[PDB]
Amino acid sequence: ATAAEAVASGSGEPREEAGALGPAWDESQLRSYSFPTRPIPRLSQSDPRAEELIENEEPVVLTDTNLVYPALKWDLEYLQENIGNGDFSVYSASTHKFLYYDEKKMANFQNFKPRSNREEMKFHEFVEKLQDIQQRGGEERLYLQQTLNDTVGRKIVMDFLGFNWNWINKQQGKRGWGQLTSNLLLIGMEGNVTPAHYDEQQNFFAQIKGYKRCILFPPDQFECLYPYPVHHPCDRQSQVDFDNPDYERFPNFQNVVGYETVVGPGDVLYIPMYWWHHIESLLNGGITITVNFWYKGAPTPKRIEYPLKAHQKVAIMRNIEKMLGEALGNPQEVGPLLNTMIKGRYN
């Protein structure tokens, strides 16, 4: 166990920046949590180990892909001048945690009161409201999350063309992934947190500005992270408050073990499909900018091999909840029926 407490190195020693510009960050900028973590590997695109982790659907930080090299010059001023006049979704929160919720599922749970509110805005309005909160020492927090579409300026389109499509397109092909579905632009304030959740798509997480601490958990820790019901607005998100974990309701969160890393400008983090991930912008680190690359996952293989992988059971559990909500005619009857199936029978 002595070697275990040491193997839980977190993100390791902060990287030292070229030109002797000091540590990119310090441990004090990271929030404190209850669980141990390991470092995610930081490797080169050409390192065969990095290739072995991606094909095996394990996370890895790639340091030299140049995936978004043209975008590393992006700041609020540059984007305000060239990202066009399209509408940008901007969530507002009283807290540092920006829990994702699906608006379309809010009807099923009318008792659910979100603490993040979405608001369409022009990017210059976001920079303005961003500047106001700063100038007034306000505790309000903002987090821009917008899919990049046709309504972006020419130079932003030229930056896009300058992405390393040769590299990522080859990755898409070698893993059999589906189409690229979107690129989510992410501009958040220091201290912002996206609580733990998993996505049903493969993700290349390309950091542009600022630093983000990424804590991942493999799909086989489903039992420890307690996602919301599938029909709940917070489907795929963890119910556990990482800041105040309730071990009475979530006892197995005391067995969670994460994979952790801090990405900075130029880093690309492969967040494999179904992998949980907790994203937080370093405290007192300024704004963070990121662009992700969401790809549909490979199809289900013709022949199924047993035993099933953890992510396959997650797919099964999700589908069970879905069709029961469909068959019962009401999502809120899924819980009672399942309990009826279990109590005194399987527990």
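One-based numbering along the sequence shown. So that the term is clear: the rigid core is the largest set of C-alpha atoms that superpose within 1.5 Å between two forms.
J.: With the rigid core held as the alignment frame, decide whether 222-230 or 108-116 lies farther from the shown form in 9 other deposited structures of this protein, in terms of RMS C-alpha distance.
T.: The stretch that sits farther from the shown form in 9 other deposited structures of this protein is 108-116.
J.: Mean Cα B factor from the PDB record: higher for 78-86, or higher for 210-218?
T.: The stretch with the larger mean CA B-factor is 78-86.
J.: Averaged over C-alpha atoms, is the B-factor higher for 114-122 or for 179-187 in this PDB entry?
T.: Averaging CA B-factors over each stretch, the winner is 114-122.
J.: Highest Cα B-factor in the deposition, which of 254, 95, 169, 202?
T.: Across 254, 95, 169, 202, the entry lists the biggest C-alpha B-factor for 95.
J.: Based on the PDB record, which member of 70, 297, 48, 41 exhibits the highest Cα temperature factor?
T.: That would be 48.
J.: What third of the chain does residue 335 rank in for C-alpha temperature factor, lowest, middle or highest?
T.: Within its chain, residue 335 is a lowest-third residue by C-alpha B-factor, going by the deposited values.
J.: Ranking every modelled residue in this chain by its Cα temperature factor as given in the entry, which third contains residue 260?
T.: As the PDB entry reports it, the C-alpha B-factor of residue 260 lands in the lowest third of its chain.
J.: State the tercile, meaning the lowest, middle or highest third, of residue 164 with respect to the CA B-factors recorded for its chain.
T.: For residue 164, whose C-alpha B-factor we compare with every modelled residue in the chain, the answer is the middle third.
J.: Comparing residue 302 with the other modelled residues of its chain, is its CA B-factor in the lowest, middle or highest third?
T.: For residue 302, the deposited C-alpha B-factor lands in the highest third.
J.: Among the modelled residues of this chain, does the Cα B factor of residue 235 put it in the lowest, middle or highest third?
T.: As the PDB entry reports it, the C-alpha B-factor of residue 235 lands in the middle third of its chain.
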